[PDB]
Amino acid sequence: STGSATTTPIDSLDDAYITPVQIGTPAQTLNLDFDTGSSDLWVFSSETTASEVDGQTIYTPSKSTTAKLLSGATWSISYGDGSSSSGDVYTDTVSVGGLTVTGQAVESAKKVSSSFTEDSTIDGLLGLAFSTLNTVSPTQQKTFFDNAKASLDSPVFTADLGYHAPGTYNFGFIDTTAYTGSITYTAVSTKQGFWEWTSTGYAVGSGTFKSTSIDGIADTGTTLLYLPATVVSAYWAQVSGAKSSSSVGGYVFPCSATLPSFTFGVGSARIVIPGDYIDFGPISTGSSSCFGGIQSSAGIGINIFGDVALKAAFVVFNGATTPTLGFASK
């Protein structure tokens, strides 16, 4: 089997991408944030504290003839940005882009943190990291991809995120028309439960490529590109007037600037992020200070190849017995 679904930016900055997901019988379609940095499929629901729902579409398990309470199971998650959610668990039929999994754990939120409530466009998350990170207790549950894997034509999914435009998540096949050149594959460590890999270096604009190992994670659920402070300083030094602002929380730059590209290495191959992709717009409405899309990871503990990086590539998440990542230009 295969599946193919369009993923759509939630706003004009590509802050996140939503993909429609069919849950239950008859289907209830929710728009989920596919997140290769986490491993829970959780949804706003009829169980979510009413004051914490503000415009999201909810899953109502009592209206699904295939829903079954997973007795005793609870979940609770905290994300790298400080947001969180928790609740109980049902199993139900879940379909993405024509690919159906029966008995998928659907984690129903009883509580969500304010950032989720405040984002009316995201009805939940669909985790695509390794199932070892799934938070369901006392019986850890598998991701949608893990459940689908054996049925797929090939045990892979691909992320093709658009810049200011829709893109595609495919399951079970590699669309050879969706990228240019060849796909360069690179080793993955699953030791932390992430799609963790090592970039071979970087360049700023037309500058020389610096060969240096940068370990990080491919994370579709993170907006920005978070890299070591040395790398980030070298990038923003090429933008007149750019500076790190403790009050804003990162590097800002004059909105009148033209940003240089940023290249990252994948083996001997190179992925070029155009400068435009690094502009996240005014820090507040009407400001002439703009927020940068490359930020320091120094306070995170891990480097994160988030959407800013991934949307410059066609990305293969190869879930074979020994997982690997593939990157192609497009």
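Presented here is an overview of the structure given in this document.

Of all seven residues making up strand 2 (residues 17–23), five are buried, and the element is well covered by its neighbours. Looking at chain direction, strand 1 (residues 3–9) and strand 2 are connected through two bridges and run antiparallel. Paired with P9 across the strands is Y17, a residue of strand 2. Where strand 2 and strand 3 (residues 28–35) come together, five bridges link them in antiparallel fashion. Within the sheet, the bridge partner assigned to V21 lies in strand 3 and is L30. Between strand 2 and strand 3, which pair antiparallel in sequence order, lie four residues; one of them, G24, sits at a positive phi of approximately 85 degrees. Where strand 2 meets strand 6 (residues 84–96), two bridges bridge the pair, whose relative direction is antiparallel. Looking at strand 6, one finds that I23 is bridged to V94.

This brings us to empty space enclosed by the protein. In this structure, the largest cavity spans a volume of roughly 30 Å³. In terms of lining, the largest cavity is formed by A16, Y17, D33, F34, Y169, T220 and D307.

Moving on: the packing of aromatic side chains. Following the criterion strictly, the structure yields 25 aromatic pairs and no others. With a centroid separation of 5.8 Å and an interplanar angle of 40 degrees, the aromatic rings of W42 and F44 are classed as tilted. Judged on exposure class, the residue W42 and its partner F44 are both buried. Seen from their ring centres, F264 and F305 are 5.4 Å apart, and the 50 degrees between their planes marks the pair as tilted. One end of the pair, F264, is in strand 17 (residues 262–266); the other, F305, is in strand 22 (residues 303–305), and 41 residues separate them in sequence. Of the two residues, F264 and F305, both sit in the buried class. A connected cluster of aromatic rings, assembled from ring pairs, spans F34, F130, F144, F145, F157, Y169, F171, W195 and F317.

Inspection of every chain in the model, using the stated rule, returns one disulfide. Sulfur-sulfur distance for the disulfide between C255 and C290 comes to 2.0 Å. On the sign convention where negative is left-handed, the bridge of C255 and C290, at about 110 degrees about the S-S bond, is right-handed. Placement of the pair is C255 in the loop between strand 16 (250–254) and strand 17 and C290 in strand 20 (residues 289–292), with a sequence separation of 35 residues. On the basis of relative accessibility, which here comes to 27%, the residue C255 falls in the partly exposed class.

A complete count under the given rule lists two salt bridges for this structure. Between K311 and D14 there is a salt bridge, and its shortest N-O distance comes to 2.8 Å. Taken as a pair, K311 in the loop between helix 4 (307–310) and strand 23 (314–318) and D14 in the loop between strand 1 and strand 2 lie far apart in primary sequence, 297 residues in all. A salt bridge links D160 to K330, with the nearest nitrogen and oxygen atoms 2.8 Å apart. Placement of the pair is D160 in strand 9 (residues 156–160) and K330 in the segment after strand 24 (324–328), with a sequence separation of 170 residues.

The subject of this paragraph is the environment of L70. Mapped onto the fold, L70 is located in strand 5 (residues 68–78). Each C-alpha atom, one on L70 and one on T49, is 20 Å from the other, the two residues being 21 residues apart in sequence.

It is worth spelling out the layout of surface pockets at this point. As a volume, the largest pocket reaches approximately 1,200 Å³. Every residue lining the largest pocket is counted, 38 residues in all, and those nearest its centre are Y79, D81, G221, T222 and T223. Secondary structure elements with two or more residues in the lining of the largest pocket: strand 3, strand 5 and helix 1 (114–117). Split by residue class, the lining of the largest pocket holds 18 nonpolar, 11 polar and nine charged.

Relative to the elements of secondary structure, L133 occurs in the loop between strand 8 (124–127) and helix 2 (144–148). Taking C-alpha positions, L133 is 9.5 Å from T143, a pair spaced 10 residues apart along the chain. Sequence-distant contacts of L133, that is, excluding residues within four places in its chain, are made with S39, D40, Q140, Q192, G193 and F194.

What counts and what doesn't
- Residues numbered from 1 in each chain as written, not as in the entry; some residues may be left out.
- Heavy atoms only, no water.
- Residues with missing side-chain atoms left out of burial classes, pairs and counts.
- Buried < 20%, exposed > 50% of the residue type's maximum accessible area, 1.4 Å probe, protein only.
- Helix = DSSP H or I, 4+ residues; strand = E, 2+ residues; numbered from the N terminus.
- Pairing = 2+ DSSP bridges.
- 1 Å grid on protein atoms, 1.4 Å probe; cavity = no way out; pocket = protein on both sides within 12 Å on 5 of 7 lines; lining within 4 Å.
- Points joined across faces, edges and corners; volume = space filled by probe spheres on them.
- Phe/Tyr/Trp six-rings, centres within 6.5 Å; stacked < 30°, edge-to-face > 60°.
- Disulfide = S-S within 2.5 Å.
- Salt bridge = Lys/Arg side-chain N within 4 Å of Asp/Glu carboxyl O.
- Nonpolar A, V, L, I, M, F, W, Y, C, P; charged D, E, K, R; others polar.
- Contact = heavy atoms within 4.5 Å.

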